[PDB]
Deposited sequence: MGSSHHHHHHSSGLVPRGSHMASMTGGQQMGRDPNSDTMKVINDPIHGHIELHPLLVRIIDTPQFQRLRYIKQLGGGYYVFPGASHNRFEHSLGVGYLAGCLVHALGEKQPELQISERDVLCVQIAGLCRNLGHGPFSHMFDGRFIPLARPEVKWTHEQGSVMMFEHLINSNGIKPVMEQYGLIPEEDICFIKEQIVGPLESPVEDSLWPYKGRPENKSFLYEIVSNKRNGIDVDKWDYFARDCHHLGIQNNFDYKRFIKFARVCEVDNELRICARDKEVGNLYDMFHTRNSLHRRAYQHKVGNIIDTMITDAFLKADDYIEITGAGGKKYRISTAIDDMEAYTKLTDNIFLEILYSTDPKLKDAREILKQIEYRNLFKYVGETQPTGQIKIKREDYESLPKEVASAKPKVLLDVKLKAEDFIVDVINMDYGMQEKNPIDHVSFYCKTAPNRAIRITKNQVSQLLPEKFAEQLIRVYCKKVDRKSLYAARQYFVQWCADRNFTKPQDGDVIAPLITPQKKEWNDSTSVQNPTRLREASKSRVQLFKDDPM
């Protein structure tokens, strides 16, 4: 058990402490080799073959970089080797809870399969970390390297999911508050997890990363702000932070919310739903779970990866025929067809509980156009996407503190108007995409007229292509011209 050096295409030669190596070399961690970072995105961007495993190594790496840099510049913070290891472990382990095709699983499949349960990848990561520790005898190894497992396990979990229940954390005291801002920053979202995915996703997607995390690290300091020690940025770096969030939004627009990538995730989800009654996953004590219930038993969940897609695709069981056929149609590129995109106007914000009513609404629209085919609710898919700066309607830069060159330990606030008038006025929006499951030319024509009529009825924005797809519907709305 000495340190290992690993060559990563993003970060280069990265050192892994032997405790980290012990954690990595387990079935619970290695599982992440079989879960694509971007899920259905690979079916649009063929470079995006990268998995959650290598992203996890990068996050643990960068978590160590930031905590080491803070400690080197400010010995007065009393950051210990124990603290550094705990932060690196949380960075390494904060992706353990992801399921097949990453956000497809927690974002689309579980909400539909198990609408009563409240599952997040964060909670999954806590449960899987616990399973990893207990199944692999990691506690005596933590101890060997100076950790105190009771307190430090708690600290690691809290970094992943937040307070496990006035300073709300139990794993560390307030004087180490800043340590909770490294791995998953619940105050403003500025964390090393974003820095790794920006660089790594860009490298694989073939889109170029404009955020410089190493610069950020160089300019980062810990300061007291309203009685608490926070990571603060240099004042003049504020434009770079606005640009960090702009980068995140552009990656979502270009890649993660690609309209075809989304429909592929939707089809895969549909296949998994049709397969869920028939695939069995053996868990603890030989008990049997489903795709949708493996989340209840970490032994079963350990065996739940992107393999499920191929188990379905390669199946011969007649009960899996309908699931298998959806996947086959993905392979033939016989996809549900994209009809268009619109946005709500104003403060209007469509809620998750209304999502199911939307396809009916589209099908109930009455376009004043000559139509052969008539479409029903079940022929439409309506995908609602929330785009924001990570704090719903809030500006995350209002939740950052800065320091000046003349007083580096003295935290200040910077308002948006002190920065630029070219910045966003709003920090959250919704995109609404409509697709049609009938793919012939007459059905697509019809779907376009229902869609643009529905936009007009709901006072949503004019589709970008609306004059071309629905020339007889767009003139009715004077707000559109």
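The deposited chain is incompletely modelled, with C-alpha atoms absent over 1-36, 202-207, 524-550.
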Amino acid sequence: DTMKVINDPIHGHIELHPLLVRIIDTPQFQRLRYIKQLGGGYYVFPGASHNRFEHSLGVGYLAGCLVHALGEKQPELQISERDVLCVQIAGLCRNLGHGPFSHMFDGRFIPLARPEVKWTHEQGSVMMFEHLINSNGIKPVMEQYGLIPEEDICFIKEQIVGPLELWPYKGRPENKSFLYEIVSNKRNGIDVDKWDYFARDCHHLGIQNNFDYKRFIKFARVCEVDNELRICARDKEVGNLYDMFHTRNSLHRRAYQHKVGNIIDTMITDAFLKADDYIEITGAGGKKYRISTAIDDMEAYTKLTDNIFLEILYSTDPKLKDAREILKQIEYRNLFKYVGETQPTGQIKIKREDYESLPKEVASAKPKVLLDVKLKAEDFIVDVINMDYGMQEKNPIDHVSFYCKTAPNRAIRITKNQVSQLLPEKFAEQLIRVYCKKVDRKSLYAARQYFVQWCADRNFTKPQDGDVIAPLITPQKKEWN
From here on, numbers count along this sequence of modelled residues.
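Of the two stretches examined, 375-383 and 152-160, the record assigns the greater average C-alpha temperature factor to 375-383.
Per-stretch averaging of Cα B factors for 307-315 and 277-285 places 277-285 on top.
Of the candidates 347, 88, 136, 188, the one whose C-alpha carries the top B factor in the deposited record is 347. The entry assigns its greatest Cα B factor, within the set 204, 352, 214, 131, to 352.
Ranked within its chain, residue 424 lands in the highest third, by CA B factor from the PDB record. In the deposited entry, the Cα temperature factor of residue 329 sits in the middle third of values across the chain's modelled residues. Ranked within its chain, residue 180 lands in the middle third, by CA B factor from the PDB record. The entry lists a Cα temperature factor for residue 448 that places it in the middle third of the chain's modelled residues. Per the PDB record, residue ranking by Cα B-factor puts residue 338 in the middle third of the chain.
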